[PDB]
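Below sits a lone chain in structure tokens, taken as the form deposited in one PDB entry.
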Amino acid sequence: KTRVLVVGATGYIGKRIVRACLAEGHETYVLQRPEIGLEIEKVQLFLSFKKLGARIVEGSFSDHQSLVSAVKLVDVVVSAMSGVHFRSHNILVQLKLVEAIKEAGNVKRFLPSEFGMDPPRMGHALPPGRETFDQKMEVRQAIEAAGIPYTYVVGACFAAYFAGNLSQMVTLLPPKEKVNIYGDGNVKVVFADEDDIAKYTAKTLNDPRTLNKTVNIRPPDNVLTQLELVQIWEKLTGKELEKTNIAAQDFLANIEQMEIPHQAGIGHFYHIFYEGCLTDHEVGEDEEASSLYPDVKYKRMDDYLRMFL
């Protein structure tokens, strides 16, 4: 049994990773930080993990030796540290975890908080959205400068943020009548249910094939244009939506006058839906999750969207 510590265990993707690790059979440890306080939903998530068999490990990012003691207990560390401007964007806090892993010396593999666009490919990214990738790159550089073996999990839009809303911004539900189409809407995007992302992570974290590699989550039936996604919804509903195409220059108009988190979102949507950054390069079968783990029957977006009917 691989021993796994999840740091960020009550996070959006973090809690899914905890559950998927348990379902995979890993001996699953979860870091419980003392600053929780009155955050009742966090406390009760930890209780729910214990009932599923997770082991609680107490530690604080402000207490270096507590982090050393935590990672000494496991073979693999997975980090799901926050990385979204409108939530919190604390990627660089992981540098303390890396340093603890360095001193501990026993960790066979570290999966840092990636789970999105492939940061070394985003050097051209618009600020402040670029902060996400610069910060993940600083963490990558610290990992490699510490000699820590790694797997970087990248390449898919979380279905809840990009599919269930037909990719409309500042909402998480399909629009009732009108939808904005980015450009012509024929740029391929990668979509994945976050529980599948979690299961691929649980499967890849002790896979010799992915030691010191980037693992792409690119399930082929889930590579879709925004128009193709919208047409899935239109079939499910029996109603066509009124589509308005937004040219690039109009999408980015006056971006510098927006709130920073909205600026970051616009910049990211630009790279995904206008530049096609998730599909503008190809990846081999030996570095793509759905090929590596064909037993994962990943949820297709027609099934995903049916939840919203």
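Definition used throughout: the rigid core is the maximal C-alpha set that superposes within 1.5 Å between two forms. From 1 onward, residues are counted along the sequence shown. Residues that one form lacks are left out of the comparison.
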**Prompt:** Higher mean Cα B-factor in the deposited model: 81 to 89 or 121 to 129?
**Reply:** 121 to 129
**Message:** Quick check on the record: does 9 to 17 or 285 to 293 carry the larger mean Cα temperature factor?
**Reply:** 285 to 293
**Request:** Select one of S113, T201, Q168, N106: the residue whose C-alpha shows the highest B-factor in the crystal structure entry.
**Result:** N106
**Item:** Top residue by Cα temperature factor, when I272, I266, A247, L31 are compared in the entry
**Value:** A247
**Request:** Place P149 in the lowest, middle or highest third of its chain's C-alpha B-factors, as listed in the PDB entry.
**Result:** middle
**Prompt:** C-alpha B factor of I56, ranked within the chain: lowest, middle or highest third?
**Reply:** lowest
**Request:** Divide the modelled residues of the chain into thirds by Cα B-factor and specify which third, lowest, middle or highest, holds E177.
**Result:** highest
**Item:** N212 by Cα B-factor - lowest, middle or highest third of the modelled chain
**Value:** middle
**Request:** Sorting the chain's modelled residues by C-alpha B-factor, tell me whether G164 ends up in the lowest, middle or highest third.
**Result:** middle
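Omitted from view is the form deposited in another entry, to which the following refers.
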**Fill in**
Out of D280, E58, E259, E240, the position with Cα displaced 2 angstroms or more between the shown form and the other one on rigid-core fit is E259
**Fill in**
Rigid-core overlay between the shown form and the other one puts runs of three or more residues with Cα moved 2 angstroms or more at 35 to 38, 257 to 261
